[PDB]
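To start, the structure under review is shown below, and the notes come after it.
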Ligand SMILES: COc1ccc(Br)cc1[C@@H](N)C(=O)Nc1cnccc1C
Ligand SMILES: COc1ccc(Br)cc1[C@@H](N)C(=O)Nc1cnccc1C
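Below, the structure is given as C-alpha cells:
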C-alpha cells in the first residue's frame, strides 16, 4: 500500500564519498578502488570559470596540490589525469568500502538516486530522472559538485551521474563517470539555456499503472486509442512520442493490472485534454513522470 | 538551486537492519548494541491477528524460536521480552555497526526518513511526516514490518518510528521504539479508521518560504492577515490552526527572505481560497506539507 518517490539506500555510496580540495576550491570526490573521481573544475578559481583552459590550468598542478580527505584521514595522491570533464586522482590506498560497481551512461527518461554531499559528507538522498533535455531537476547548492547519481542492482552500484553545475535556470547539468556531459553542456560559466523539457510519457503511464495497483482508479475510462492518435495529443502537450518499445516495456504492468497499454493511453489522453478537475492521483495534482516502468514494478513487488 | 523531498543518507540505519523469523512469520528487526527490536506481531500466525493475546502467545516462545539473521550470519538469542508492542531480543553480540543513537517519540507534523526493508534487506528510502491523525502515508508491502523511521543529527541517529501495520485505507500505523503506537491504533486486524487528515500549516508556510528562496514567487501578494483571520480560513480548509509557536519557528525563514510570517499567511490564504489556477510551486500542483521549517533551512543551507 502506498507509492512514494523512493531512492535507493545510500550506504554503499556514502562509503565512497571524499572531500577534494585544490587551491581554494573544495568539492566532492568518489573514491572507488585506488582512484578518486571529481569534476575537473576543482582546479579553477571563480575568475577562471568564465573561459577556462583546463589543459593549461592542469599543467600548474602536481599530485601534492590535490588534497583528498576521506572523513578525517588524508589520502596520498600518487597520480592525476584528466578524462573529459573529470579528474582521476590515483591514491595509494584502495577504498576498503568499495562496493561492486559499474559506470553507466544513462538514457533520457531513466531515473536514479542522488546522494547530495558537501565537503565530502552526505547531506541527503533523493530520486531524479535524466530529463529529455539532459538536465536534472536536483537540489544542489555551492559545494555539491562531485555528488553522484546511481542505481543499485542487489549488490552492484551503477554510477551514472556526477554533478558539475547549475544552469542560470536553476536546473542541473553533469557528466557520466567517464566525464562526458549529458546533453550539450560545457563546464564553463557561460550562457547555457536548456532545451524543451518534455514529459516522459512512458513514465507517466507507468505511474498511472502504479495508481491503479494502489487503488486510485478514478481516471480509468471507457476509451481506447492508437499509438498514432495518442502521439497527436502527446505532441500538443510536449510529451515524448510513445513508441512500440515503450508499449513493450509496459507489458508486465499491463499484464499485472489487465489494463491494455492503449486503454491506459486513452486515460492519459483524457487527463491531458481535461486536466484533473481538482482531483489527485497518488497524492499528486500533476502527472508524475519520474518513475520508470522498472521503478513501479520494483516498488510494487518489494525488490531489495 | 532546486528543492526536493530529501531523505537522510540511510547508511547508518542499513547497518542495523536484520531479519527476524518466528515460526512462519518473517519481518525486519533493528539491531542496536546487543538488542534486536521488532514488532511483537512476529509471534502471530495470520489466524492469530484477528484478536491476539500477545502475553499468552509469547508464553509458547523460547529464545531459540526467534531466528535472527544479520545479512547471512545468525545471531544467538540469549533473552527476549515484550515492551508495549515491540519485542526486544537480547543477542550475544553487540552490532559492530551500531551508530550513536537515541529513541524519540515525535510529534504530529514532524518529518522523518523511512528505510523500507524486506527480509532484513533495505529496498529504498523516502521522506515521511507523522500526520496530525498519527498515520503515515508510506510505501510498504507485506514483509516491511519492522522497517524504521529516523532523523540524523550529524552522527546521531534518532529512531522515531517502527512500521507495524497498514490500515484498510492504505495508510500506515506504527510505534516509537518503546513500542507505543502513534495515535489510537492497536496491533490487531480489526476495523481501524483514521481520523481527519488535516494539513500541517506550519510546514506549508515553510515550503512557501523554500519556494521564494528558489525563485518561485508568483503567489506572493500585496496582502497581510492576522493569526485569528488566517485560522478562520485554515479551519474551513482542514488546515491545522497556526499558533504563535509556529510563527516563532518560522522566524529564521522570515528573516532570511524578509517576508513577514503574516504576509506569507495572506499568500497562503489566497492560495486556499483561489487555488493555483493551473500553476505550480516547486514543481507541485498542490500545497506541500511534509517539509518542516527545520527541513527547509537544512536543505537551503547544506547541512551534512
Ligand atoms: C558558480 O559556480 C560554478 C560555476 C560554473 C561551474 Br562549471 C561550476 C560552478 C561550481 N563552483 C558550483 O558550485 N556549482 C553549482 C552547482 N550546483 C549548484 C550550485 C552551484 C553554484
Ligand atoms: C495482514 O498483515 C497484518 C495484519 C495486521 C497486522 Br497488526 C500486521 C500485519 C502484517 N503481517 C503486515 O504484513 N502488515 C502490513 C503493513 N504494511 C503494509 C502491508 C502489510 C500487509
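Chains as they are written, first to last, in the authors' numbering: chain A, 1 to 304; chain A', 1 to 304. A prime marks a further copy of an entry chain.
Backbone N, C-alpha and C define an ideal beta-carbon position, used for all residues, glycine too.
- Taking residue 40 of chain A as reference, the option from A/31, A/20, A/125, A/47 with the minimal CA-CA separation is A/20.
- Taken in chain order, the unbroken stretches of alpha helix (DSSP H) that lie wholly in the segment 226–277 of chain A' and span 4 residues or more are 227–236, 244–249, 251–257, 261–274.
- At a cut-off of 8 Å between C-beta atoms, residue 280 of chain A' counts as an interface residue with respect to chain A.
- The three-state secondary structure of residue 128 of chain A', taken from DSSP, is strand.
- It is roughly 34 Å from the alpha-carbon of residue 114 of chain A to the alpha-carbon of residue 180 of chain A'.
- Its chain contains 83, 84, 86, 103, 105 as the residues whose beta carbon lies nearer than 8 Å to that of residue 178 of chain A', once the 5 sequence neighbours on both sides are disregarded; these appear in chain order.
- Counted as a single uninterrupted DSSP element, the beta strand (DSSP E) harbouring residue 100 of chain A occupies residues 100–103.
- In the structure shown, residue 152 of chain A adopts extended strand secondary structure according to DSSP, grouped into three states.
- With distances taken between CA atoms, residue 246 of chain A' lies nearest to A'/227 out of A'/119, A'/227, A'/100.
- In terms of CA proximity to residue 17 of chain A', A'/99 leads the group A'/197, A'/99, A'/154.
- Counting every other CB atom within 10 Å of its CB across the protein chains shown gives residue 184 of chain A' a total below 16, marking it as exposed.
- Beta-bridge pairing by DSSP links residue 141 of chain A to no other residue.
- Secondary structure of residue 79 of chain A (DSSP, three-state): strand.
- Beta-bridge annotation (DSSP): residue 31 of chain A is paired with A/36.
- Annotated three-state conformation of residue 303 of chain A' is coil, per DSSP.
- Under DSSP, residue 121 of chain A' takes part in a beta bridge, and its partners are A'/118.
- In this structure, residue 273 of chain A has its CB at a distance of at least 7 Å from all heavy atoms of ligand 1.
- With respect to the 8 Å criterion, residue 109 of chain A' and residue 129 of chain A' are classified as neighbours on the basis of their beta carbons.
- Boundaries of the beta strand (DSSP E) around residue 70 of chain A: 66–70.
- Taking 8 Å as the threshold, the shortest C-beta distance from residue 6 of chain A' to chain A falls below it.
- Residue 132 of chain A' places its beta carbon less than 8 Å from that of residue 200 of chain A'.
- Contact residues of the segment 233–249 of chain A' toward chain A are absent (C-beta to C-beta distance below 9 Å).
- With a cut-off of 7 Å, the C-beta of residue 143 of chain A is classified as near ligand 1, since at least one heavy atom of the ligand falls inside that distance.
- Short note on residue 147 of chain A: C-beta not closer than 7 Å to any heavy atom of ligand 2.
- Between ligand 2 and the CB of residue 1 of chain A, the shortest heavy atom gap is smaller than 7 Å.
- In the displayed model, residue 47 of chain A falls within coil according to three-state DSSP, outside both helix and strand.
- Residue 9 of chain A sits close to residue 124 of chain A', with the two beta carbons spaced by under 8 Å.
- Annotated three-state conformation of residue 296 of chain A' is helix, per DSSP.
- In this structure residue 168 of chain A' is exposed. Its beta-carbon is surrounded by fewer than 16 other beta-carbon atoms within 10 angstroms.
- Just measuring C-alpha positions, the residue of A'/67, A'/136, A'/155 sitting nearest residue 164 of chain A' is A'/136.
- Taking the C-beta atoms as reference points, residue 146 of chain A' is found no nearer than 8 Å to residue 2 of chain A.
- Residues of the segment 156–169 of chain A' whose Cβ lies closer than 9 Å to any Cβ of chain A, in chain order: 166, 167, 169.
- DSSP, read as helix, strand or coil, puts residue 11 of chain A' in helix.
- Among the residues of the segment 91–120 of chain A', those with a Cβ less than 9 Å away from any Cβ of chain A are 113, 114, 115, 116, 117, 118, 119, 120, in the order of the chain.
- Using beta-carbon distances, residue 148 of chain A does not count as an interface residue toward chain A', since no partner is under 8 Å.
- In the DSSP assignment, residue 211 of chain A falls within the alpha helix (DSSP H) that extends over 201–213.
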